[PDB]
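The next block holds one structure in the form of structure tokens; read it before the comments.
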Amino acid sequence: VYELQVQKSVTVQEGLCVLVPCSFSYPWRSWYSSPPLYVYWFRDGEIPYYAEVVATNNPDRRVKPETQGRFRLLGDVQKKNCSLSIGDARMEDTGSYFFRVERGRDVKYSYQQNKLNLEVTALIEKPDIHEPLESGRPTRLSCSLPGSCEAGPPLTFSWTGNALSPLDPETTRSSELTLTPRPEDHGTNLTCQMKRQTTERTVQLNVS
Ligand SMILES: CC(=O)N[C@H]1[C@H]([C@H](O)[C@H](O)CO)O[C@@](O)(C(=O)O)C[C@@H]1O
């Protein structure tokens with residue numbers, strides 16, 4: 001009667017985020033005596049009674065400062081959803097995790113058989129720049145990053161290149177950038193670095 005559906009292993013590139021689909025079941029008669037349903041995710045081998053949860057829907061339970069905001073329960077727990085969302089992954093997050101349910105004095109249960117193994121790989125993904133290119137046009141660029149979440153603390157950008165003097169010599173921190181390619185700027189390496197408060201992406205210009 002106590003079942004938990006979730007993949008056993010999961011991978012995420014440090015700094016990015018992933019969504020761990022999860023579903024769970026437990027015996028519940030369903031009559032009006034309806035005490036609240038509290039679920040938790042813990043680090044492997046911790047004791048429910050004394051541990052700060054990595055994630056929970058219990059308003060009284062203290063959450064690990066390290067996971068506050070990065071690990072969040074998605075979906076309605078009242079609808080069998082234990083889906084987890086890990087954001088701004090960190091190497092420290094690597095390890096095993098388990099889910100627990102509690103409802104009334106009777107329902108209490110840790111799914112120690114269905115642990116969740118999380119491996120935090122290194123960040124190899126490169127930012128992105130998203131077809132004009134006319135000498136004298138107000139083209140606007142945008143340097144974002146795939147697999148990113150607005151989980152942790154906002155990212156920081158800084159553009160590099162020789163073609164950064166035609167206009168503002170300081171308004172180049174924004175994610176998006178407006179620029180009118182002045183002629184001389186052709187086949188010039190344009191870069192965009194990023195940090196989470198340092199990977200980059202270099203592209204070659206082309207004016208016509
Ligand atoms: C009897 C029951 O349904 N739940 C029991 C659970 C689960 O059997 C295990 O966590 C499964 O791994 O174990 C406990 O130690 C717990 O964590 O509270 C006692 C609790 O009564």
Quiz prompt | Radius, Kirkwood style, for region 128-201 when every pair of distinct Cα atoms is counted (Å) | solution = 13.3
Practice problem: Determine, for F99, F157, the number of other Cβ atoms within 10 Å of each Cβ, and report the residues in order from fewest to most. | Solution: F157, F99
Exercise. Within region 106-129, find all residues whose amide N lies under 11 Å from a label point positioned 7 Å from the Cα of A51 along Cα-to-beta-carbon.
Key: 110-112, 115-116
Quiz item: Once both labels are modelled 7 Å past Cα along the beta-carbon direction, what's the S175-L37 spacing in nm?
Solution: 3.4
Practice problem: Using only the alpha carbons, work out the radius of gyration and Dmax of region 1-124 in angstrom. | Solution: 14.4, 52
Quiz item: Most exposed first by the Cβ proxy, i.e. fewest other Cβ within 10 Å, how do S110, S9, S33, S175 rank?
Solution: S33, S9, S175, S110
Quiz item: Going from the alpha-carbon gyration tensor of the chain, what semi-axes, largest first and in whole Å, does one get by taking the root of 5 times each eigenvalue?
Solution: 48, 16, 14
Exercise. Calculate, in nm to one decimal, what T191 and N162 gain on full extension: separation in residues at 0.36 nm each, minus their alpha carbon distance.
Key: 9.5 nm
Quiz prompt | Inter-centroid distance (Cα atoms) of region 114-175 relative to region 2-55, Å | solution = 34
Quiz item: Once phi is turned into θ = phi - 60°, what whole-Hz ³J(HN,Hα) does the Karplus curve with 6.51, -1.76 and 1.60 give for every residue of region 154-168, x standing for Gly and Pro?
Solution: x, 7, 10, 10, 7, 7, 10, x, 7, 7, 10, 9, x, 10, 2
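Throughout, read-outs are computed from the coordinates displayed, never taken from laboratory work. Positions of Cβ are backbone-derived with ideal geometry, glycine not excepted, and every protein chain shown enters the neighbour counts.
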